[PDB]
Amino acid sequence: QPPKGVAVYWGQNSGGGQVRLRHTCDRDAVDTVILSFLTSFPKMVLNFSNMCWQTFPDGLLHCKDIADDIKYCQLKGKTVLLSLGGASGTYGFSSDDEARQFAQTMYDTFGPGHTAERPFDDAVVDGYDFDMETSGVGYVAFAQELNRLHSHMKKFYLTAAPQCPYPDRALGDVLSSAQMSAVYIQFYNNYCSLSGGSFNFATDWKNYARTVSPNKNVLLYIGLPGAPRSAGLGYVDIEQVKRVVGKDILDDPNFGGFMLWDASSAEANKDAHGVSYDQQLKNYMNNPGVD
């Protein structure tokens, strides 16, 4: 469902010099931007790091500049998702019922519905990304209800960002039980990075897409660190990416492209030609070369 190419997270400022969302959507290297994050739910807390400090009277972030940049990104043909969780998230449901209600909350707060306090006002995100790194109750009920509620929009995407070890303990049930538009696999901070010697995109995850995923058209993205500073381990130079991501992968029907943690990080990390890491990857996908 989503555009193949390069997907970047934005909001948490891995680089250090993160600027407005609009700047990222001006880059031809980028096709999908993922707002990081709704760090808590169903008691909602937003956190965009250095980019939104105003609130509504109840403490919820009110992000006028991001709202404008969402509309602007969409106008530039980019897909904009909102991501839930993150490693520093505090989140969980007490039941499937609580999970189903909160889907409605999401429809009304961030989606096409209405409510008094919308952090992005009239801007409407194209979809949600599950980035819970811990196991919890009601994830499958949550995913399904979001799909049902949002199934009348023109473009709606439900994605998740499991880590590379298969099965993913946090999100495996969602991944096996719900219709996923795309999966941004984190090949970092674990043994199955691109550098470790145990890269598992073409084994476990390809198997996932072919025999497990409810949605047979699911796009799998290779999630990479944007810079050495964006993970404990897993960062690879483009030469290393090329060695391990060959024609077999690049030409797979279920290969979506590359995810990056994150935009600020990928942009600042430049090669000797002054080309940024997101662009290197894009250039690679467009003109793989031969080997």
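For every residue, the number given is its place in the sequence shown, counted from 1.
Colleague: Between 247 to 255 and 229 to 237, point out the one with the higher average CA B-factor as the PDB entry records it.
Modeller: Comparing 247 to 255 with 229 to 237, the higher mean C-alpha B-factor belongs to 247 to 255.
Colleague: With respect to the recorded C-alpha B factors, which stretch has the higher mean value, 219 to 227 or 36 to 44?
Modeller: 36 to 44 has the higher mean C-alpha B-factor.
Colleague: Among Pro112, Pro119, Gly85, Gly197, single out the one with the highest C-alpha B factor in the record, please.
Modeller: If I rank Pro112, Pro119, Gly85, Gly197 by C-alpha B-factor, first place goes to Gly197.
Colleague: Could you tell me which one of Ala99, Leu158, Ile185, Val124 shows the highest CA temperature factor in the PDB record?
Modeller: The listed residue with the largest C-alpha B-factor is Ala99.
Colleague: Going by the recorded CA B-factors, say which third of the chain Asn207 sits in, lowest, middle or highest.
Modeller: Answer is highest: the recorded C-alpha B-factor places it there.
Colleague: Using the B-factor values recorded in the entry, state whether the Cα atom of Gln12 falls in the lowest, middle or highest third among the modelled residues of its chain.
Modeller: Answer is lowest: the recorded C-alpha B-factor places it there.
Colleague: Hey, what third does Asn147 fall into on Cα B-factor, ranked over its chain?
Modeller: Ranked within chain, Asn147 CA B lands in the middle tercile.
Colleague: Compare the C-alpha B factor of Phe56 with those of the other modelled residues in its chain, then answer lowest, middle or highest third.
Modeller: Its C-alpha B-factor belongs to the middle third of this chain's values.
Colleague: Could you place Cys25 in the lowest, middle or highest third of its chain by Cα temperature factor, using the values in the record?
Modeller: CA B-factor rank for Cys25: highest third.
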